[PDB]
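Asks: A structural model of the following input is requested.
(6 chains, ligands or ions: 52)
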Amino acid sequence: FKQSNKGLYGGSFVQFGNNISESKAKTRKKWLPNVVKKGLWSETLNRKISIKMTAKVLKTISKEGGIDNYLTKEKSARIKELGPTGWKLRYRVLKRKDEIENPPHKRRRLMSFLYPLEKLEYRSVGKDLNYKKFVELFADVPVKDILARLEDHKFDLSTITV
Amino acid sequence: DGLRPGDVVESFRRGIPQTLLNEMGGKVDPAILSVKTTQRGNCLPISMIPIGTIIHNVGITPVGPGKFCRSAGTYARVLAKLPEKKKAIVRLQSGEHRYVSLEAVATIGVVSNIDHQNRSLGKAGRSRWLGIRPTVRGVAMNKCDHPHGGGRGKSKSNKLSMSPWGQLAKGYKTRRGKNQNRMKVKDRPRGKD
Amino acid sequence: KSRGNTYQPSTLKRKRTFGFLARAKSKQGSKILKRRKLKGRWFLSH
RNA sequence: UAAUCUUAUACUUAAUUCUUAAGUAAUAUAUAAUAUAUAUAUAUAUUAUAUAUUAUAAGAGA
RNA sequence: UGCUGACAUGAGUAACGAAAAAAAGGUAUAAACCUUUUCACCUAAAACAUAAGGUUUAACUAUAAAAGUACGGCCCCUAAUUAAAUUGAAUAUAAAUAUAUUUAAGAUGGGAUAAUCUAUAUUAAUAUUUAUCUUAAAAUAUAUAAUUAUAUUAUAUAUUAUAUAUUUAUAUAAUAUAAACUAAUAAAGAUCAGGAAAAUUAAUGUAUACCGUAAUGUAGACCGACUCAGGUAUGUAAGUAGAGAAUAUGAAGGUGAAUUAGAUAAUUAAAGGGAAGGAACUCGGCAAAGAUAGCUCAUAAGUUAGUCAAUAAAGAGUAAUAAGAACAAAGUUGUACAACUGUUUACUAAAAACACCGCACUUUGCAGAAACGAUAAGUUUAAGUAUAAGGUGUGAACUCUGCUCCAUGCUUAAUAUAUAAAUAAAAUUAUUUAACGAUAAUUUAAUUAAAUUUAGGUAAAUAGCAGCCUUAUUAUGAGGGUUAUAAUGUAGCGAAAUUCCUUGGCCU
RNA sequence: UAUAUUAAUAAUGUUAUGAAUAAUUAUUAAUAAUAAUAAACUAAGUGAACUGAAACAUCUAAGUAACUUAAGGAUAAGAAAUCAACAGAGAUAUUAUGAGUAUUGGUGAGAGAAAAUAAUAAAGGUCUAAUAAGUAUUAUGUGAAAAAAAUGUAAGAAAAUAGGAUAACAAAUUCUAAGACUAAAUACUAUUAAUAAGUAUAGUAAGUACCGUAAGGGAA
Ligand SMILES: [Mg+2]
Ligand SMILES: [Mg+2]
Ligand SMILES: [Mg+2]
Ligand SMILES: [Mg+2]
Ligand SMILES: [Mg+2]
Ligand SMILES: [Mg+2]
Ligand SMILES: [Mg+2]
Ligand SMILES: [Mg+2]
Ligand SMILES: [Mg+2]
Ligand SMILES: [Mg+2]
Ligand SMILES: [Mg+2]
Ligand SMILES: [Mg+2]
Ligand SMILES: [Mg+2]
Ligand SMILES: [Mg+2]
Ligand SMILES: [Mg+2]
Ligand SMILES: [Mg+2]
Ligand SMILES: [Mg+2]
Ligand SMILES: [Mg+2]
Ligand SMILES: [Mg+2]
Ligand SMILES: [Mg+2]
Ligand SMILES: [Mg+2]
Ligand SMILES: [Mg+2]
Ligand SMILES: [Mg+2]
Ligand SMILES: [Mg+2]
Ligand SMILES: [Mg+2]
Ligand SMILES: [Mg+2]
Ligand SMILES: [Mg+2]
Ligand SMILES: [Mg+2]
Ligand SMILES: [Mg+2]
Ligand SMILES: [Mg+2]
Ligand SMILES: [Mg+2]
Ligand SMILES: [Mg+2]
Ligand SMILES: [Mg+2]
Ligand SMILES: [Mg+2]
Ligand SMILES: [Mg+2]
Ligand SMILES: [Mg+2]
Ligand SMILES: [Mg+2]
Ligand SMILES: [Mg+2]
Ligand SMILES: [Mg+2]
Ligand SMILES: [Mg+2]
Ligand SMILES: [Mg+2]
Ligand SMILES: [Mg+2]
Ligand SMILES: [Mg+2]
Ligand SMILES: [Mg+2]
Ligand SMILES: [Mg+2]
Ligand SMILES: [Mg+2]
Ligand SMILES: [Mg+2]
Ligand SMILES: [Mg+2]
Ligand SMILES: [Mg+2]
Ligand SMILES: [Mg+2]
Ligand SMILES: [Mg+2]
Ligand SMILES: [Mg+2]
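Replies: Numbers count the residues shown, from 1 in each chain, chains lettered A, B, ... in the order given. Ligands and ions are numbered 1, 2, ... in the order given. Here you go:
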């Protein structure tokens, strides 16, 4: 039911069954869920999410206090209910929540100073060095030793400023 | 109708131009806009067209192109204006009075080729040139095809006048119920002439 | 009129509508390509 | 009518390009205060606070 | 009427598939293969070049030769169209997948240079189809700058003699058959209103890729079971003669056949002639025969005014007055049906049937009707807008289209009106607990539609348009009375393609 | 142009005008990509008709054929909101008795369990959840021939002092839904070995020849 993958259907699904006349004649019919396009508000994303959802999930969202709480329910039932689209959104909500709660500092400049020294060293021996390779090589280095340049400070990437 | 090579026509959908704007003392004050307001060829919003004027190329929305009375010799007449509701009643060539937004495009005059309807093709080939293929009557069909078909000799099968796919073709209104025109004052005269 | 001459040859049409790529580049074409292969046929397509 | 529905189109730190973030530039909206001009109200200017950098325009509308 | 294999009978019978051949020699081996000569057939082809196709069948393994300048493909560009391709979330959808936008592919098409032979790369800057009419003028013939008649209306390159940069190019002046035909601008008539896509300079540079190339290709070399009288695209297609690519011959070329040789019975097919009759034949002039110009004149009635009739029939002018190739050329009239040109049952019906231009009704106001969409997005309608589009019937035009909406529908107005679903609340009942309670059906409670009903309109919607008696002295009934219906057959036509009785009565 | 691009170098030529500079030859560092990859078994979606009923529509055929989708050597199921009856058993899968049994059907054609006892089976129980709500339940439309579990629309609780199970109620009994992993006995393919009151028209060719445009059919 690939139409469900594009929205939050809450596990809802199509049912194929029979229709019955007073003569008990049987003819096939389909039961389609009540799908409604609604634009809800996300507090952490600070923008209006707009996807097709069924009426039942919309009511469930109202009782759970917004889309953000709907997409962040631990109980397995919710995970199954949330389709591909819900999973990706959950990632957004959760990652953004972590970013706000966990700032990076509770190196970019250092690598900027280090780059000209290394490129000159590589050019001296006849080789070259581009920024993308510089990042790739020095991605995993925790501490850059002071071979050249001057550490005219006591930062240590801790307690910035006074 | 009367457009000829040499005449001058202008459009006033943006509004009154600068030339008249600086001539307001001698242009708007004497209200000699009527000289150009009701002129053959130029296009005005229905708001500025006086009541009773014969107009064509009538739109529906202010930001839309003309859609009505574009065919040969067709014309429409402006009936009433409702500034409060931003709608104007425009008598339309079918005879149906329809609401239209006040600031809707409208060109004054009838459309050219009045005598188009009096033309007559002389042979079947002529039609073929314009892209009209033959039409086979239902009576000549077979029963599997058009319902009227079948029966020995000439017979209509005591079947109502129906389209091939099973829709009455004699006085049956197709647009019925909820899916109807929300804007119309009076229906077009069904008997027409 | 006389019949029997229904097959009028043309390499372009014969290859375009019955060729290997004419079947390898479609779901239905691939299905019959693999059906012939499973049966062991030597000449999969034109 | 922010129910629905249709139509058209800058600097700086922290993680070459991308992203977050305190500050300020400029635009838009809303509130409070001050000053001016007309019949408590309308219009304009300044100061301050809050938000934005999918929208705008047209149409139907419970 | 069993399956497979082998072998019989029909039977050494039918047949060997449009047809011209003969002698000599290769070869004291030839009707069938090769060569020479004679004869003949095809010749706007059975010839010469090609396209597609194909077991290379070819003049063959030692085999089909390309920088380009008329050499095509390849390559650039696109049409119709195609695409498991591209666009927290392009749209839609049980899957399959569909839709819209991009991108890519796709010739049956477009692509500068060139015999005085030409140079495609890199870098940098900035055109539907269709005709050449009339006047004019020059020049020519009879007549006297006047008049009659006449080839020509524009280009296509050689020679002679002069002027320019200096025997290479241009220019000038004079000379030079007729009929067809070719590509380029010119000019201009009609509506049926006539494809898409990919720059110039300046410098530098070019060592010329791959594939096609034979022969057959109106056929023994492809599609047809066959070395099949069938089907198959393009350009030349000598002359003589003609309006002509008709018809006659045939220069050159090719060719004369997997059947031959004798008499040609009865009989069969395709042809030629036929006395005296001339449709008596026959369902029926089926078949066959019939041509007194092919050019120039002339050409009636009717009529929608259109030499439609009409190529009018008969007739005339040109040598023919007994005839001497082939082709073109085959009368007049009345009636029924249909306006006409056209379409149809590949392979028994080509028509009176379909279509048609014309007439008429009706739906749709564009966010539309109609159609398609396991079903939607969406597409055609249409880049159109009531003089447009869809459906229906009739079917050019002259004279006309009378009557009635009873029935089936359509359409307008009426809460006149029942009923399904959906709900609360509240009364009796039943089962059970001892009790409150729990569970069940029942009935009351205001809040409904479409539908149905009533009254209209709609027949160029589907449809219908009766019956008895007797009155002007002998006939009939102009007329009078009768039942019910919505109406009661009007104009016209009438033994109709409509009439069994019927070969209806009368006339030609 | 991966015999490639960028950068550097030694030289040549070489422009530019000693140095530079690219072009070339030759070295070194960096910059990059190759999908034919089976069939059967399993699970899921959709889902016929012929036929039987001596007609036919409920019913059957049958959730079968067929199409589509996804994964593994297997997959599915699995440690009770299970059965049973006042006494008790203790996950799952397959086979036998139970049993053609209860049950069901235009009460036609027909369809048809469970408990319990046996056999194969493996160490066969064990936490991975902060103990599960638009969930149970109700109304309604569907939904394995008896036996429910699911599902469209909408309404919608409780905390072990609670909740599920039976037309209903009272007692009693039993279990804990909305969180999970799980060998082996099983299916299919291939290989080795053993046994053939099996095969020489089920004894190796060939999916070839040939037929059809194609899917496809198919010899001696
Ligand atoms: Mg018929
Ligand atoms: Mg029908
Ligand atoms: Mg055949
Ligand atoms: Mg095709
Ligand atoms: Mg026998
Ligand atoms: Mg015999
Ligand atoms: Mg004989
Ligand atoms: Mg014989
Ligand atoms: Mg001899
Ligand atoms: Mg000829
Ligand atoms: Mg000739
Ligand atoms: Mg030839
Ligand atoms: Mg292309
Ligand atoms: Mg081409
Ligand atoms: Mg050739
Ligand atoms: Mg050749
Ligand atoms: Mg032949
Ligand atoms: Mg052949
Ligand atoms: Mg000759
Ligand atoms: Mg030949
Ligand atoms: Mg022969
Ligand atoms: Mg005779
Ligand atoms: Mg005689
Ligand atoms: Mg006779
Ligand atoms: Mg006789
Ligand atoms: Mg005859
Ligand atoms: Mg006359
Ligand atoms: Mg003739
Ligand atoms: Mg008559
Ligand atoms: Mg006719
Ligand atoms: Mg005809
Ligand atoms: Mg026929
Ligand atoms: Mg015939
Ligand atoms: Mg017409
Ligand atoms: Mg429609
Ligand atoms: Mg019309
Ligand atoms: Mg007719
Ligand atoms: Mg008429
Ligand atoms: Mg008629
Ligand atoms: Mg009438
Ligand atoms: Mg009710
Ligand atoms: Mg039966
Ligand atoms: Mg069943
Ligand atoms: Mg299944
Ligand atoms: Mg498992
Ligand atoms: Mg499991
Ligand atoms: Mg059992
Ligand atoms: Mg629990
Ligand atoms: Mg239920
Ligand atoms: Mg069963
Ligand atoms: Mg549990
Ligand atoms: Mg064949």
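Asks: Just the closest residue of chain C to RNA strand D, please.
Replies: With C-beta to the nearest atom of the strand as the measure, residue C:27 is the residue of chain C nearest to RNA strand D, at 31.7 Å. C-beta: built from backbone N, CA, C; applies to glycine.
Asks: cool, chain B as well?
Replies: Closest point on chain B to RNA strand D, by C-beta to the nearest atom of the strand, is residue B:61, at 3.7 Å.
Asks: can you give me the helices in chain A?
Replies: A:55-64, A:67-70, A:76-81, A:84-101, A:108-124, A:131-137 (DSSP state H).
Asks: In JSON lines: the ones you listed, plus mean neighbour count and distance to residue A:30.
Replies: Below are the helices of chain A laid out as JSON lines (neighbours: other C-beta atoms under 10 Å in any protein chain shown; distance: least, C-beta to C-beta, whole Å):
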{"stretch": "helix A:55-64", "mean neighbour count": "15", "distance to residue A:30": "18"}
{"stretch": "helix A:67-70", "mean neighbour count": "22", "distance to residue A:30": "27"}
{"stretch": "helix A:76-81", "mean neighbour count": "13", "distance to residue A:30": "21"}
{"stretch": "helix A:84-101", "mean neighbour count": "14", "distance to residue A:30": "23"}
{"stretch": "helix A:108-124", "mean neighbour count": "13", "distance to residue A:30": "57"}
{"stretch": "helix A:131-137", "mean neighbour count": "11", "distance to residue A:30": "54"}
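Asks: Could you dump these into JSON lines and include distance to residue C:36?
Replies: Compiled in JSON lines, these are given as follows (distance: least, C-beta to C-beta, whole Å):
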{"stretch": "helix A:55-64", "distance to residue C:36": "49"}
{"stretch": "helix A:67-70", "distance to residue C:36": "52"}
{"stretch": "helix A:76-81", "distance to residue C:36": "42"}
{"stretch": "helix A:84-101", "distance to residue C:36": "37"}
{"stretch": "helix A:108-124", "distance to residue C:36": "59"}
{"stretch": "helix A:131-137", "distance to residue C:36": "50"}
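Asks: Among these, which comes closest to residue B:146?
Replies: helix A:55-64 (45.5 Å; C-beta to C-beta).
Asks: helices or strands up against that closest one?
Replies: Judged by 3 or more C-beta pairs under 8 Å, 6 or more residues apart in numbering or on different chains; DSSP states H and E, helix A:55-64 is in contact with strand A:35-42, helix A:67-70.
Asks: Just send these back as TSV, with distance to RNA strand E too.
Replies: Below are the helices and strands packed on helix A:55-64 laid out as TSV (distance: least, C-beta to the nearest atom of the strand, whole Å):
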stretch	distance to RNA strand E
strand A:35-42	7
helix A:67-70	11
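Asks: quick one: the helices in chain C?
Replies: Along chain C, counting by DSSP H, helices occupy C:11-18, C:21-24, C:27-39.
Asks: mind putting the helices and strands packed on helix A:55-64 in CSV, distance to residue A:140 included?
Replies: As requested, the helices and strands packed on helix A:55-64 are exported to CSV (distance: least, C-beta to C-beta, whole Å):
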stretch, distance to residue A:140
strand A:35-42, 35
helix A:67-70, 35
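Asks: okay, now residue 41: neighbour count?
Replies: Just so you know, I chose chain A. Using other C-beta atoms under 10 Å in any protein chain shown, residue A:41 is surrounded by 12 other residues.
Asks: Not quite, go with chain B.
Replies: Look at residue B:41: counted by other C-beta under 10 Å, it has 15 neighbours.
Asks: which residues does it contact?
Replies: The neighbours of residue B:41, taking C-beta atoms under 8 Å, 6 or more residues apart in numbering or on different chains as the test, are B:3, B:7, B:9, B:107, B:108, B:109.
Asks: Can you tell me the closest non-neighbouring residue to residue 66?
Replies: You didn't say which chain, so I picked chain A. Distances taken as C-beta to C-beta, 6 or more residues apart in numbering or on different chains place residue A:43 nearest to residue A:66, at 6.4 Å, with adjacent residues excluded.
Asks: you looked at the wrong chain, it should be chain B
Replies: Using C-beta to C-beta, 6+ apart, the closest residue to residue B:66 is residue B:57 (3.2 Å).
Asks: and what of residue A:64?
Replies: residue A:70 (5.1 Å).
Asks: Distance-wise, check that neighbour relative to residue A:60.
Replies: Distance check for residue A:70 against residue A:60: by C-beta to C-beta, to the nearest Å, it reads 7 Å.
Asks: which ones are touching the residue sitting nearest the centre point of chain A?
Replies: Residue closest to the average C-alpha location in chain A (C-alpha atoms, centre = their mean): residue A:92, at 2.9 Å. Remark: with contacts taken as C-beta under 8 Å, 6+ apart, residue A:92 is in contact with residue A:45.
Asks: do that again at 10 Å, thanks
Replies: A:42, A:44, A:45, A:49, A:68, A:71 (C-beta atoms under 10 Å, 6 or more residues apart in numbering or on different chains).
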